[PDB]
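upload34.txt, holding compact mmCIF, C-alpha atoms:
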# COMPACT_ATOMS: atom_id res chain seq x y z
CA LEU A 1 0.00 0.00 0.00
CA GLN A 2 1.88 3.04 -1.30
CA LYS A 3 1.94 6.35 0.59
CA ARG A 4 2.65 9.86 -0.62
CA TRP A 5 3.80 12.08 2.26
CA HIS A 6 4.79 11.77 5.91
CA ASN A 7 1.52 12.48 7.74
CA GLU A 8 -0.71 10.81 5.08
CA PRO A 9 -3.80 9.51 6.92
CA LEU A 10 -4.55 5.84 6.37
CA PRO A 11 -7.58 3.56 6.71
CA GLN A 12 -7.46 0.54 8.99
CA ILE A 13 -9.89 -1.34 6.72
CA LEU A 14 -9.54 -1.90 2.96
CA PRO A 15 -12.88 -2.97 1.44
CA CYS A 16 -12.59 -5.24 -1.58
CA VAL A 17 -15.09 -6.27 -4.25
CA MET A 18 -14.72 -9.70 -5.84
CA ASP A 19 -16.51 -11.79 -8.44
CA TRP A 20 -18.46 -14.77 -7.15
CA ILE A 21 -16.83 -18.19 -7.47
CA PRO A 22 -18.60 -21.44 -8.47
CA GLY A 23 -17.67 -24.92 -7.25
CA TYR A 24 -20.98 -26.82 -6.90
CA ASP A 25 -20.91 -26.90 -3.08
CA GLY A 26 -22.27 -23.38 -2.82
CA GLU A 27 -23.72 -23.66 -6.32
CA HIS A 28 -26.51 -21.20 -5.48
CA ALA A 29 -25.71 -17.54 -4.94
CA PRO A 30 -25.22 -16.57 -1.27
CA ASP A 31 -27.35 -14.13 0.72
CA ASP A 32 -24.72 -11.35 0.90
CA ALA A 33 -24.20 -11.22 -2.89
CA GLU A 34 -25.31 -8.21 -4.92
CA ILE A 35 -25.95 -8.11 -8.67
CA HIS A 36 -23.99 -5.88 -11.06
CA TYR A 37 -24.72 -5.25 -14.74
CA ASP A 38 -21.13 -5.33 -15.98
CA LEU A 39 -20.70 -8.48 -18.05
CA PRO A 40 -19.82 -7.15 -21.53
CA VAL A 41 -20.93 -8.92 -24.70
CA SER A 42 -20.79 -6.23 -27.39
CA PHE A 43 -19.60 -2.64 -27.53
CA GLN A 44 -20.93 -0.80 -30.59
CA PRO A 45 -24.55 -1.71 -29.81
CA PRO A 46 -23.46 -1.95 -26.17
CA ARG A 47 -24.66 -5.09 -24.43
CA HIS A 48 -24.21 -5.92 -20.75
CA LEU A 49 -25.29 -8.93 -18.68
CA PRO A 50 -25.75 -9.40 -14.92
CA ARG A 51 -22.94 -10.70 -12.75
CA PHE A 52 -23.10 -11.74 -9.10
CA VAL A 53 -20.76 -9.68 -6.92
CA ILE A 54 -19.46 -10.44 -3.42
CA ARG A 55 -17.76 -8.12 -0.93
CA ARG A 56 -14.96 -8.74 1.57
CA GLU A 57 -12.56 -6.68 3.67
CA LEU A 58 -8.86 -6.44 4.46
CA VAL A 59 -6.87 -4.91 7.32
CA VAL A 60 -3.53 -3.12 6.96
CA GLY A 61 -0.62 -4.76 8.77
CA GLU A 62 -1.84 -8.36 8.51
CA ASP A 63 -2.46 -8.77 4.76
CA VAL A 64 -0.96 -5.67 3.10
CA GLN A 65 2.22 -3.99 4.34
CA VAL A 66 2.35 -0.20 4.16
CA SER A 67 5.08 1.05 1.82
CA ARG A 68 6.83 4.43 1.68
CA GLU A 69 7.05 7.24 -0.85
CA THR A 70 10.11 7.83 -3.01
CA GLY A 71 11.76 11.05 -4.10
CA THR A 72 11.14 14.52 -2.71
CA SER A 73 7.77 16.27 -2.73
CA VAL A 74 8.18 19.70 -1.13
CA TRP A 75 10.55 21.90 -3.14
CA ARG A 76 12.65 24.60 -1.50
CA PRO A 77 15.41 26.86 -2.87
CA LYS A 78 18.93 25.89 -1.85
CA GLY A 79 19.94 29.21 -0.25
CA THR A 80 23.07 27.94 1.49
CA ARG A 81 24.06 30.26 4.33
CA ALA A 82 27.81 30.82 4.22
CA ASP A 83 29.92 29.15 6.91
CA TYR A 84 33.34 30.30 8.10
CA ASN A 85 34.34 27.28 10.20
CA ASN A 86 34.54 24.16 8.01
CA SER A 87 37.85 23.04 6.55
CA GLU A 88 37.01 23.42 2.85
CA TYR A 89 36.16 27.12 3.12
CA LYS A 90 39.16 27.70 5.39
CA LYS A 91 41.42 26.31 2.66
CA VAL A 92 39.61 28.09 -0.21
CA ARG A 93 39.95 31.40 1.65
CA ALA A 94 43.71 30.95 2.08
CA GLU A 95 44.03 29.94 -1.58
CA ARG A 96 42.25 33.16 -2.58
CA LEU A 97 44.41 35.16 -0.15
CA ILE B 1 67.11 61.67 -12.08
CA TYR B 2 64.12 62.64 -9.94
CA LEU B 3 63.51 63.18 -6.23
CA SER B 4 59.99 62.73 -4.88
CA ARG B 5 58.57 63.89 -1.55
CA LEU B 6 55.69 62.37 0.42
CA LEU B 7 54.29 63.91 3.61
CA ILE B 8 52.47 61.76 6.17
CA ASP B 9 50.67 62.97 9.29
CA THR B 10 52.22 61.63 12.49
CA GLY B 11 50.14 63.43 15.12
CA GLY B 12 46.43 64.12 14.86
CA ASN B 13 43.70 62.57 16.95
CA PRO B 14 45.04 59.24 18.28
CA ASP B 15 41.55 57.75 18.75
CA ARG B 16 40.79 57.78 15.02
CA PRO B 17 41.91 55.36 12.30
CA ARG B 18 45.19 56.70 10.87
CA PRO B 19 46.05 54.37 7.97
CA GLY B 20 48.80 56.70 6.74
CA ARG B 21 50.65 56.39 10.05
CA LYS B 22 49.96 52.64 10.32
CA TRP B 23 51.50 52.14 6.86
CA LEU B 24 54.97 52.96 8.22
CA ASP B 25 54.90 50.01 10.66
CA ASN B 26 56.12 47.49 8.08
CA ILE B 27 58.96 48.46 5.76
CA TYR B 28 58.06 45.70 3.29
CA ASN B 29 54.67 47.40 2.95
CA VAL B 30 56.44 50.70 2.22
CA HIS B 31 58.64 49.04 -0.41
CA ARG B 32 55.66 47.30 -2.00
CA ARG B 33 53.65 50.54 -2.18
CA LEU B 34 56.58 52.41 -3.74
CA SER B 35 56.89 49.55 -6.24
CA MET B 36 53.17 49.89 -7.04
CA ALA B 37 53.97 53.54 -7.77
CA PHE B 38 55.73 52.29 -10.95
CA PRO B 39 53.11 51.20 -13.50
CA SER B 40 54.25 49.23 -16.53
CA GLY B 41 52.38 50.63 -19.52
CA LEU B 42 49.41 48.43 -20.42
CA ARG B 43 48.51 48.14 -16.72
CA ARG B 44 47.35 51.77 -16.82
CA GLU B 45 45.26 51.14 -19.93
CA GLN B 46 43.79 47.85 -18.69
CA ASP B 47 43.23 49.20 -15.15
CA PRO B 48 43.10 53.00 -14.97
CA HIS B 49 41.46 52.93 -11.53
CA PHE B 50 43.74 50.22 -10.02
CA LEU B 51 41.05 47.69 -9.11
CA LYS B 52 42.24 44.46 -10.77
CA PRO B 53 44.34 42.14 -8.55
CA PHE B 54 47.89 43.23 -7.77
CA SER B 55 50.61 41.28 -9.59
CA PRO B 56 54.37 41.90 -9.13
CA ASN B 57 55.04 40.73 -12.70
CA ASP B 58 52.72 43.48 -14.00
CA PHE B 59 54.98 46.24 -12.60
CA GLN B 60 58.49 47.37 -13.48
CA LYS B 61 61.33 46.11 -11.28
CA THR B 62 63.61 49.13 -11.63
CA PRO B 63 65.54 49.92 -8.43
CA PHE B 64 64.90 53.02 -6.34
CA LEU B 65 66.16 54.50 -3.08
CA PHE B 66 64.04 56.08 -0.35
CA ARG B 67 64.55 57.48 3.14
CA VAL B 68 61.93 58.01 5.85
CA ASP B 69 62.73 60.81 8.31
CA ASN B 70 60.70 63.09 10.57
CA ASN B 71 60.23 66.83 10.92
CA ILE B 72 58.13 69.62 12.44
CA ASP B 73 56.18 72.06 10.24
CA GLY B 74 55.31 75.07 12.38
CA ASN B 75 53.25 73.34 15.06
CA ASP B 76 52.66 69.83 13.65
CA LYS B 77 54.70 66.63 13.47
CA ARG B 78 55.21 65.15 10.01
CA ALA B 79 56.95 62.16 8.44
CA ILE B 80 58.82 62.88 5.21
CA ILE B 81 59.62 60.20 2.63
CA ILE B 82 62.27 61.12 0.05
CA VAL B 83 62.26 58.80 -2.97
CA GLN B 84 65.25 58.78 -5.31
CA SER B 85 64.81 56.77 -8.51
CA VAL B 86 65.90 56.67 -12.15
CA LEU B 87 62.52 56.66 -13.95
CA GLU B 88 59.73 59.18 -13.51
CA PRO B 89 57.40 57.96 -10.73
CA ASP B 90 53.61 58.10 -10.96
CA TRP B 91 52.19 59.02 -7.56
CA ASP B 92 48.83 59.79 -9.16
CA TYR B 93 48.32 56.12 -10.06
CA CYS B 94 49.55 54.80 -6.70
CA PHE B 95 47.50 56.61 -4.02
CA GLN B 96 44.38 57.33 -6.11
CA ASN B 97 42.34 55.04 -3.84
CA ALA B 98 44.31 56.08 -0.74
CA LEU B 99 44.23 59.89 -0.72
CA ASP B 100 43.93 59.72 3.08
CA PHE B 101 47.40 58.16 3.33
CA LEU B 102 49.12 61.49 2.62
CA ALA B 103 48.47 64.66 4.61
CA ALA B 104 49.86 66.74 1.73
CA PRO B 105 50.01 66.05 -2.01
CA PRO B 106 53.27 64.53 -3.29
CA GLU B 107 55.99 66.59 -4.94
CA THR B 108 58.60 65.78 -7.57
CA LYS B 109 61.71 67.68 -8.68
CA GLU B 110 64.30 66.95 -11.35
CA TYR B 111 67.80 66.36 -9.95
CA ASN B 112 70.94 67.13 -11.98
CA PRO B 113 73.81 66.60 -9.54
CA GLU B 114 77.43 67.12 -10.53
CA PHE B 115 80.27 68.44 -8.36
CA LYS B 116 83.85 68.93 -9.49
CA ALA B 117 86.78 68.55 -7.11
CA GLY B 118 86.65 71.15 -4.36
CA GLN B 119 83.08 70.83 -3.02
CA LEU B 120 82.57 70.50 0.75
CA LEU B 121 79.16 68.84 0.66
CA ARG B 122 77.03 68.43 3.79
CA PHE B 123 75.69 64.88 3.80
CA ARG B 124 73.11 62.82 5.66
CA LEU B 125 72.93 59.06 5.25
CA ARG B 126 71.28 56.04 6.88
CA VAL B 127 73.31 52.87 6.37
CA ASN B 128 72.71 49.25 7.30
CA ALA B 129 75.44 48.34 9.80
CA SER B 130 75.84 44.84 8.39
CA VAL B 131 78.82 42.50 8.19
CA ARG B 132 79.39 38.86 7.24
CA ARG B 133 81.35 37.17 10.03
CA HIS B 134 83.71 34.27 9.45
CA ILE B 135 82.43 32.53 12.60
CA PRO B 136 78.86 33.79 13.19
CA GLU B 137 77.44 30.32 14.00
CA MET B 138 78.20 29.21 17.54
CA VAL B 139 74.67 27.69 17.66
CA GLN B 140 73.81 29.20 21.04
CA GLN B 141 70.90 26.89 21.78
CA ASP B 142 68.32 27.84 24.39
CA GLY B 143 66.58 25.97 27.18
CA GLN B 144 68.55 23.12 28.72
CA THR B 145 70.77 22.94 25.63
CA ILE B 146 73.47 25.61 25.51
CA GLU B 147 76.17 24.55 22.99
CA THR B 148 75.80 22.37 19.89
CA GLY B 149 78.01 22.32 16.82
CA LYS B 150 77.26 23.71 13.36
CA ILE B 151 78.88 26.29 11.09
CA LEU B 152 77.55 28.68 8.43
CA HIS B 153 78.30 32.16 7.10
CA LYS B 154 75.58 34.74 7.72
CA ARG B 155 75.03 38.50 7.78
CA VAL B 156 74.80 40.12 11.23
CA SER B 157 75.05 43.55 12.83
CA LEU B 158 78.27 45.50 13.24
CA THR B 159 79.97 45.29 16.64
CA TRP B 160 82.58 47.55 18.24
CA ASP B 161 85.27 47.12 20.87
CA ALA B 162 84.28 47.62 24.50
CA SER B 163 87.11 50.14 24.98
CA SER B 164 86.01 52.20 21.95
CA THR B 165 82.98 54.33 21.11
CA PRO B 166 80.21 53.57 18.58
CA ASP B 167 80.71 57.00 16.99
CA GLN B 168 84.40 56.46 16.24
CA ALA B 169 83.79 52.82 15.29
CA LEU B 170 81.16 53.75 12.70
CA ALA B 171 83.38 56.61 11.52
CA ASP B 172 86.28 54.25 10.80
CA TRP B 173 83.90 51.67 9.32
CA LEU B 174 82.71 54.27 6.82
CA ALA B 175 86.21 55.68 6.24
CA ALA B 176 87.72 52.23 5.64
CA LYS B 177 85.64 51.70 2.49
CA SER B 178 85.45 55.43 1.67
CA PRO B 179 88.12 55.81 -1.10
CA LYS B 180 86.40 53.10 -3.15
CA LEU B 181 83.24 55.21 -3.50
CA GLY B 182 85.16 58.47 -3.96
CA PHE B 183 84.88 60.87 -1.03
CA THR B 184 86.85 62.03 2.01
CA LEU B 185 85.04 62.57 5.31
CA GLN B 186 85.99 65.48 7.56
CA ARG B 187 83.37 65.15 10.31
CA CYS B 188 81.26 62.07 11.03
CA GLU B 189 78.63 62.48 13.77
CA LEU B 190 76.41 59.58 14.80
CA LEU B 191 72.78 60.62 15.27
CA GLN B 192 70.89 57.33 15.60
CA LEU B 193 71.55 53.64 16.17
CA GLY B 194 68.59 51.28 16.01
CA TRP B 195 66.65 48.54 14.24
CA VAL B 196 64.20 48.34 11.34
CA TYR B 197 61.51 45.66 11.43
CA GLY B 198 59.17 44.15 8.86
CA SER B 199 57.25 41.07 7.79
CA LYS B 200 56.92 39.31 4.45
CA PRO B 201 54.44 36.71 3.16
CA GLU B 202 55.66 33.64 1.32
CA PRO B 203 53.47 31.05 -0.43
CA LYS B 204 53.60 27.48 0.85
CA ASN B 205 52.24 24.40 -0.93
CA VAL B 206 49.90 22.52 1.38
CA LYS B 207 48.35 19.35 0.01
CA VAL B 208 46.52 19.14 -3.31
CA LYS B 209 42.72 19.07 -3.24
CA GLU B 210 40.55 17.26 -5.80
CA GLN B 211 42.27 18.52 -8.98
CA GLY B 212 44.04 21.32 -7.14
CA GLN B 213 46.17 22.15 -10.21
CA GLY B 214 49.46 23.01 -8.55
CA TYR B 215 48.86 22.39 -4.82
CA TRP B 216 46.94 24.56 -2.35
CA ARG B 217 48.82 27.78 -1.62
CA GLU B 218 48.81 29.28 1.88
CA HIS B 219 50.62 32.40 3.09
CA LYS B 220 53.28 32.10 5.79
CA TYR B 221 54.83 35.23 7.28
CA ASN B 222 58.56 35.50 7.92
CA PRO B 223 60.26 38.36 9.79
CA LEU B 224 62.79 40.92 8.56
CA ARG B 225 65.28 42.62 10.88
CA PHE B 226 67.90 45.21 9.97
CA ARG B 227 70.38 47.26 11.99
CA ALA B 228 70.26 50.91 10.94
CA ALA B 229 72.64 53.79 11.66
CA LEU B 230 71.84 57.36 10.63
CA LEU B 231 74.65 59.90 10.49
CA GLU B 232 75.46 63.35 9.11
CA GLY B 233 78.68 65.17 8.38
CA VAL B 234 80.82 66.99 5.84
CA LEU B 235 82.60 65.31 2.95
CA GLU B 236 84.78 66.41 0.04
CA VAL B 237 84.87 64.83 -3.43
CA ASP B 238 87.39 63.28 -5.81
CA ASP B 239 86.94 61.42 -9.13
CA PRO B 240 83.42 62.73 -9.90
CA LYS B 241 82.89 59.91 -12.41
CA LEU B 242 82.93 57.67 -9.31
CA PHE B 243 80.84 59.99 -7.13
CA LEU B 244 78.10 60.17 -9.77
CA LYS B 245 77.88 56.36 -9.78
CA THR B 246 77.85 56.50 -5.97
CA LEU B 247 74.88 58.88 -6.14
CA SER B 248 73.09 56.77 -8.76
CA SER B 249 73.35 53.60 -6.66
CA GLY B 250 73.30 53.12 -2.89
CA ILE B 251 75.82 52.40 -0.15
CA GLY B 252 75.71 49.16 1.82
CA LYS B 253 73.40 46.19 1.51
CA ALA B 254 69.59 46.03 1.86
CA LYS B 255 69.24 48.95 -0.56
CA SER B 256 65.59 48.13 -1.32
CA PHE B 257 64.34 48.69 2.25
CA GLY B 258 65.12 52.34 2.91
CA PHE B 259 68.90 52.13 3.31
CA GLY B 260 71.79 53.52 1.33
CA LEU B 261 70.28 56.84 0.27
CA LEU B 262 72.96 59.55 0.33
CA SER B 263 71.63 63.10 0.70
CA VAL B 264 74.13 65.83 -0.20
CA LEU B 265 73.77 69.61 0.03
CA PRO B 266 76.41 71.65 -1.84
CA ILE B 267 78.39 74.24 0.08

Represent the structure from my file as structure tokens, please.
Amino acid sequence: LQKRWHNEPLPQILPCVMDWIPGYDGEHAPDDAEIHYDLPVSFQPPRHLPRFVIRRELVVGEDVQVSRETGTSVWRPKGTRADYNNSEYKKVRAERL
Amino acid sequence: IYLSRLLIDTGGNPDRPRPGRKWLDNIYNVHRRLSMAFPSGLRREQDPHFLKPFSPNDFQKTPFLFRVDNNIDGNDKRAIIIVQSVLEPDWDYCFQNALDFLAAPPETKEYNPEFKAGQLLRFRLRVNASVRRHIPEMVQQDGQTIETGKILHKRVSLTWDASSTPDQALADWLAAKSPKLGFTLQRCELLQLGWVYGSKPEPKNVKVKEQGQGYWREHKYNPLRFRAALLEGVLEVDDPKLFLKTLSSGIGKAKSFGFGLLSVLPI
């Protein structure tokens, strides 16, 4: 589960929608199954057929592991304040002198 | 040849910045500034306002002689610098960003000195009382160590006998070499006997950085010490072809740091 920034709020539950599965034990459609009209047959004279749809849930941390964002989002100008104590500047200054 | 005059304020308010007076603390600084008073042609055209970085190779290396003395003008103390050279100096190009160095504007006068035999000139001269000893290296170590062995030949200050006087000793030191430069001294009076101090930077190659291109250069300061003796008197002349070359050059070593200038007034 990808994230985008540091304080990105997250849901504890991830609902999922799945197609119903045959198998002749539960050959009849269950009670908690809804019907969706999204079985395509044709497209130019568009034709759709019913399809039984089941619903389940998932929980973050036990099935899906939360990932982290890559790169840098917030952009700031460099604006490096000059320092007169590090070694590199102390040698560059003597070289200029 | 030409003689130039610079006037510097010595008194004034002592709680103000006085960069003209502070300039006379280091004699290497004085020599460097007088060298910067000799532009080398295209330097004036490339930099008329003297703002590009200073480079010794961009200036002429002709020798010159100068003397720094002190005087009183009515009710004020002043320091006078007399510069004797062989080419015409350009004091306009030198102090154009440092007009506050000089209390008065500089002056320049053409000098045409020649004196036939029979001139009793009145002279003033500051020499470097220097001598190269045959055994100047006793290696007088300090601390617990007091005597280790090494030998070298080095230049040191002139010394006199404990039963003699510094005045007579310096008189005979000048008179011993005197016929070589072509004059006879009648009176030699010692007026001062002291030291002249200075410091000089030198580049040092500390370690190369990432593509340093000829090491990393850092300045290291080394001291400069001279023993100076100022004296006046009266001197005659002989062989003016030798005295003119004596006037053109200096007397004694360290000629580039204020020594060797012979000032003569005809009488």

Would you list which chain A residues are within 9 Å of chain B using all atoms listed in the file, as a ChimeraX atom specification? /A:91-92,94-97

Considering all atoms listed in the file, can you say which of A:35, A:54, A:41, A:1 comes closest to residue 20 (chain A)?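 Counting all atoms listed in the file, the residue closest to residue 20 (chain A) is A:54.
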
Sorted per-residue table, region 32-67 of chain A near region 7-18 of chain A, closest atoms and distance, 6 Å, all atoms listed in the file, as JSON lines:
{"residue": "A:54", "atom": "CA", "partner": "A:18", "partner_atom": "CA", "distance": 5.4}
{"residue": "A:55", "atom": "CA", "partner": "A:17", "partner_atom": "CA", "distance": 4.6}
{"residue": "A:56", "atom": "CA", "partner": "A:16", "partner_atom": "CA", "distance": 5.3}
{"residue": "A:57", "atom": "CA", "partner": "A:15", "partner_atom": "CA", "distance": 4.3}
{"residue": "A:58", "atom": "CA", "partner": "A:14", "partner_atom": "CA", "distance": 4.8}
{"residue": "A:59", "atom": "CA", "partner": "A:13", "partner_atom": "CA", "distance": 4.7}
{"residue": "A:60", "atom": "CA", "partner": "A:12", "partner_atom": "CA", "distance": 5.7}

Just to confirm, what's the straight-line distance from CA of residue 188 (chain B) to CA of residue 169 (chain B) in Å (one decimal)? 10.5 Å

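When CA of residue 102 (chain B) is paired with CA of residue 88 (chain B), their separation reads 19.4 Å.
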
Could you jot down the CA of residue 242 (chain B) to CA of residue 112 (chain B) separation for me, Å, one decimal place?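 Distance reported for this atom pair: 15.5 Å.
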
May I have the residues within 12 Å of residue 29 (chain A) as a PyMOL selection string, using all atoms listed in the file and disregarding those fewer than 6 positions away in the same chain? chain A and resi 19-23+35+51-54

Residues at most 8 Å from residue 49 (chain A), counting only C-alpha atoms, excluding those fewer than 3 positions away in the same chain, as a ChimeraX atom specification? /A:37-41

Excluding region 119-121 of chain B and its own-chain neighbours fewer than 5 positions away, which residues fall within 8 Å of it when counting all atoms listed in the file? Please give them as a JSON list (two decimals) with C-alpha atoms, in the coordinates of the input.
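Below is the file selection_17.json, written as the result:
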[["chain", "number", "residue", "atom", "x", "y", "z"],
["B", 234, "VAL", "CA", 80.82, 66.99, 5.84],
["B", 235, "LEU", "CA", 82.60, 65.31, 2.95],
["B", 236, "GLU", "CA", 84.78, 66.41, 0.04],
["B", 237, "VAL", "CA", 84.87, 64.83, -3.43],
["B", 264, "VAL", "CA", 74.13, 65.83, -0.20],
["B", 265, "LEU", "CA", 73.77, 69.61, 0.03],
["B", 266, "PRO", "CA", 76.41, 71.65, -1.84],
["B", 267, "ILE", "CA", 78.39, 74.24, 0.08]]

Write out as a ChimeraX atom specification which residues come within 12 Å of residue 33 (chain B) when counting all atoms listed in the file, dropping same-chain ones fewer than 6 positions away. /B:20,23-24,26-27,39,54,56,59,66,83,89-91,93-95,98,101,257

6 Å contact set for residue 199 (chain B), all atoms listed in the file, chain neighbours under 2 positions out, as number ranges by chain: B: 222-224

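Using only C-alpha atoms, the shortest contact distance between residue 166 (chain B) and any of B:47, B:105, B:55, B:192 is found at B:192.
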
Any chance you could export region 184-260 of chain B with C-alpha atoms, as a PDB file, in the first residue's frame?
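Final output, selection_23.pdb:
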ATOM      1  CA  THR B 184      86.848  62.029   2.009  1.00  0.00           C
ATOM      2  CA  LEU B 185      85.037  62.571   5.313  1.00  0.00           C
ATOM      3  CA  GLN B 186      85.994  65.480   7.558  1.00  0.00           C
ATOM      4  CA  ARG B 187      83.372  65.150  10.314  1.00  0.00           C
ATOM      5  CA  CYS B 188      81.256  62.070  11.034  1.00  0.00           C
ATOM      6  CA  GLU B 189      78.633  62.477  13.766  1.00  0.00           C
ATOM      7  CA  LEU B 190      76.413  59.577  14.800  1.00  0.00           C
ATOM      8  CA  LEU B 191      72.785  60.621  15.268  1.00  0.00           C
ATOM      9  CA  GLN B 192      70.894  57.331  15.599  1.00  0.00           C
ATOM     10  CA  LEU B 193      71.550  53.635  16.165  1.00  0.00           C
ATOM     11  CA  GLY B 194      68.589  51.284  16.013  1.00  0.00           C
ATOM     12  CA  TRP B 195      66.649  48.545  14.237  1.00  0.00           C
ATOM     13  CA  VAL B 196      64.205  48.342  11.338  1.00  0.00           C
ATOM     14  CA  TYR B 197      61.507  45.663  11.425  1.00  0.00           C
ATOM     15  CA  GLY B 198      59.173  44.147   8.861  1.00  0.00           C
ATOM     16  CA  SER B 199      57.254  41.068   7.791  1.00  0.00           C
ATOM     17  CA  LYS B 200      56.924  39.306   4.447  1.00  0.00           C
ATOM     18  CA  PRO B 201      54.439  36.714   3.161  1.00  0.00           C
ATOM     19  CA  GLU B 202      55.658  33.643   1.324  1.00  0.00           C
ATOM     20  CA  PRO B 203      53.474  31.045  -0.429  1.00  0.00           C
ATOM     21  CA  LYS B 204      53.597  27.475   0.852  1.00  0.00           C
ATOM     22  CA  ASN B 205      52.241  24.396  -0.934  1.00  0.00           C
ATOM     23  CA  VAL B 206      49.896  22.520   1.379  1.00  0.00           C
ATOM     24  CA  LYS B 207      48.348  19.346   0.007  1.00  0.00           C
ATOM     25  CA  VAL B 208      46.520  19.136  -3.314  1.00  0.00           C
ATOM     26  CA  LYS B 209      42.721  19.071  -3.240  1.00  0.00           C
ATOM     27  CA  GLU B 210      40.552  17.259  -5.799  1.00  0.00           C
ATOM     28  CA  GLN B 211      42.270  18.523  -8.978  1.00  0.00           C
ATOM     29  CA  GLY B 212      44.041  21.319  -7.136  1.00  0.00           C
ATOM     30  CA  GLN B 213      46.170  22.153 -10.214  1.00  0.00           C
ATOM     31  CA  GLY B 214      49.460  23.012  -8.545  1.00  0.00           C
ATOM     32  CA  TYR B 215      48.856  22.386  -4.819  1.00  0.00           C
ATOM     33  CA  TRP B 216      46.936  24.556  -2.346  1.00  0.00           C
ATOM     34  CA  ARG B 217      48.817  27.775  -1.625  1.00  0.00           C
ATOM     35  CA  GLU B 218      48.814  29.279   1.879  1.00  0.00           C
ATOM     36  CA  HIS B 219      50.619  32.397   3.086  1.00  0.00           C
ATOM     37  CA  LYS B 220      53.282  32.101   5.786  1.00  0.00           C
ATOM     38  CA  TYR B 221      54.832  35.229   7.285  1.00  0.00           C
ATOM     39  CA  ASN B 222      58.564  35.502   7.921  1.00  0.00           C
ATOM     40  CA  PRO B 223      60.262  38.364   9.793  1.00  0.00           C
ATOM     41  CA  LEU B 224      62.788  40.917   8.561  1.00  0.00           C
ATOM     42  CA  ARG B 225      65.280  42.615  10.884  1.00  0.00           C
ATOM     43  CA  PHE B 226      67.903  45.212   9.968  1.00  0.00           C
ATOM     44  CA  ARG B 227      70.382  47.262  11.995  1.00  0.00           C
ATOM     45  CA  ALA B 228      70.255  50.914  10.940  1.00  0.00           C
ATOM     46  CA  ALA B 229      72.640  53.786  11.656  1.00  0.00           C
ATOM     47  CA  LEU B 230      71.838  57.365  10.629  1.00  0.00           C
ATOM     48  CA  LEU B 231      74.654  59.902  10.491  1.00  0.00           C
ATOM     49  CA  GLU B 232      75.457  63.351   9.110  1.00  0.00           C
ATOM     50  CA  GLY B 233      78.679  65.167   8.384  1.00  0.00           C
ATOM     51  CA  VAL B 234      80.815  66.988   5.836  1.00  0.00           C
ATOM     52  CA  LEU B 235      82.596  65.306   2.947  1.00  0.00           C
ATOM     53  CA  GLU B 236      84.783  66.410   0.042  1.00  0.00           C
ATOM     54  CA  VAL B 237      84.869  64.833  -3.435  1.00  0.00           C
ATOM     55  CA  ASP B 238      87.394  63.282  -5.810  1.00  0.00           C
ATOM     56  CA  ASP B 239      86.938  61.422  -9.125  1.00  0.00           C
ATOM     57  CA  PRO B 240      83.415  62.735  -9.898  1.00  0.00           C
ATOM     58  CA  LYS B 241      82.892  59.912 -12.414  1.00  0.00           C
ATOM     59  CA  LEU B 242      82.931  57.670  -9.313  1.00  0.00           C
ATOM     60  CA  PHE B 243      80.837  59.987  -7.126  1.00  0.00           C
ATOM     61  CA  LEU B 244      78.099  60.167  -9.772  1.00  0.00           C
ATOM     62  CA  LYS B 245      77.880  56.364  -9.777  1.00  0.00           C
ATOM     63  CA  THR B 246      77.849  56.500  -5.972  1.00  0.00           C
ATOM     64  CA  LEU B 247      74.882  58.881  -6.141  1.00  0.00           C
ATOM     65  CA  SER B 248      73.090  56.769  -8.759  1.00  0.00           C
ATOM     66  CA  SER B 249      73.353  53.599  -6.663  1.00  0.00           C
ATOM     67  CA  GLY B 250      73.300  53.122  -2.893  1.00  0.00           C
ATOM     68  CA  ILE B 251      75.815  52.396  -0.150  1.00  0.00           C
ATOM     69  CA  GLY B 252      75.713  49.158   1.821  1.00  0.00           C
ATOM     70  CA  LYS B 253      73.396  46.194   1.507  1.00  0.00           C
ATOM     71  CA  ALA B 254      69.588  46.025   1.864  1.00  0.00           C
ATOM     72  CA  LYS B 255      69.242  48.948  -0.555  1.00  0.00           C
ATOM     73  CA  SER B 256      65.593  48.125  -1.322  1.00  0.00           C
ATOM     74  CA  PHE B 257      64.342  48.689   2.248  1.00  0.00           C
ATOM     75  CA  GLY B 258      65.116  52.339   2.908  1.00  0.00           C
ATOM     76  CA  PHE B 259      68.897  52.129   3.313  1.00  0.00           C
ATOM     77  CA  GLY B 260      71.794  53.519   1.334  1.00  0.00           C
TER      78      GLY B 260
END
